[PDB]
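> So I pulled this structure from the PDB, and the sequence comes with it:
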Amino acid sequence: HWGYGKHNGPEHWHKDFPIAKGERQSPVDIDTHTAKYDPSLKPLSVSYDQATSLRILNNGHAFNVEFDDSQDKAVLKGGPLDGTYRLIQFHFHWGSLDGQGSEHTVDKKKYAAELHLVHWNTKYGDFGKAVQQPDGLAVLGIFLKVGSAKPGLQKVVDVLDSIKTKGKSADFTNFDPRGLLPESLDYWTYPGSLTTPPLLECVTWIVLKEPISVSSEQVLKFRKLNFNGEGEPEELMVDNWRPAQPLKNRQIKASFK
Ligand SMILES: NS(=O)(=O)c1ccc(NC(=O)NS(=O)(=O)c2ccc(F)cc2)cn1
Ligand SMILES: [Zn+2]
């Protein structure tokens, strides 16, 4: 039932998913002047050299590039995290216009899109288990702005015509997620949630300060995807972002001065 339309959008989600009004919901606005530098935060460790991408799927709300997470092949460690978190998938949220699309905002600024690299804590054995734990997931969030093309994104962009509609998938092997990362790993971090239903409060959010640049042509191809299934009326997959939620009793920490 849920989606991003007028009658099933983020303002409606709480009826099926009451945790939508919970104490640690995501995304949030990152007020850069109120975030506090935490000198004890360790450097982030992104170890994606052995990543095994498998498939790309249009799930009716975004597209997921899925990875083999049956071994420690692509892992996130360090930063605020205790232990090892395995990459399971990445996806994006984006707008109908370049002035919106990101879920997190920075001093109320919206970016054109936001990349989420989703990882689960290996002490919980699998993803299903992990989402039931307050420290189950670590999502690495990366802002996208429109400017120069991101060469490492192009392989993703070019397969999207083959997964135009909900439920379509395509082989997507040998994709290197390192090509989607910015130069700096400076980040903000806070405890939060999944930003789509079931909105579970299981995520340590790590949001990078440096956005990546993608071209207008690249983002325009995102906007050609469909929310609908094949043979249903076309509704463009755009504005698949949840707006900022109340920070409540949380402090955002910065890894950098
Ligand atoms: N936007 S986000 O916070 O990175 C994010 C990542 C993942 C999800 N949801 C998700 O994976 N849902 S799911 O695949 O159907 C699923 C699978 C297993 C579960 F136990 C619970 C949910 C929602 N949001
Ligand atoms: Zn997401």
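Perfect, I can see it now. Residues are numbered from 1 along each chain as shown. Ligands and ions are numbered 1, 2, ... in the order given.

> What ranges does the stretch 101-250 of the chain have for its strands?
105-106, 113-121, 137-146, 169-171, 187-192, 203-208, 212-214 (DSSP state E, counting those that start in this stretch).

> Wait, residue 89 touches residue 62, no?
No. Using CB atoms under 8 Å as the test, residue 89 is too far from residue 62 to be in contact (9.9 Å). Yep, even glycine has a C-beta here, placed from its N, CA and C like the rest.

> Indicate which one of the strands of the stretch 101-250 of the chain is closest to residue 131.
Of all those, strand 137-146 sits nearest to residue 131, with 6.5 Å by CB to CB.

> tilt between the closest one and strand 203-208?
For strand 137-146 against strand 203-208, the angle by axes from the mean of the first three to the mean of the last three CA atoms, to 10 degrees is 30 degrees.

> Distance from strand 137-146 to the middle of the chain?
Computed by CA atoms, centre = their mean, to the nearest Å, the separation of strand 137-146 from the middle of its chain amounts to 5 Å.

> Next, the angle strand 113-121 makes with that strand.
Strand 137-146 runs at 160 degrees relative to strand 113-121, counting by the same axes, to 10 degrees.

> what's the angle from strand 137-146 to strand 187-192?
130 degrees.

> same for strand 137-146, what does it pack against?
Judged by 3 or more CB pairs under 8 Å, 6 or more residues apart in numbering; DSSP states H and E, the packing partners of strand 137-146 are strand 85-94, strand 113-121, strand 203-208, strand 212-214, helix 216-222.

> Redo those as CSV? Include mean neighbour count and distance to ligand 1.
Formatted as CSV, these follow (neighbours: other CB atoms under 10 Å; distance: least, CB to the nearest ligand atom, whole Å):
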stretch, mean neighbour count, distance to ligand 1
strand 85-94, 24, 7
strand 113-121, 25, 4
strand 203-208, 24, 6
strand 212-214, 22, 17
helix 216-222, 18, 15
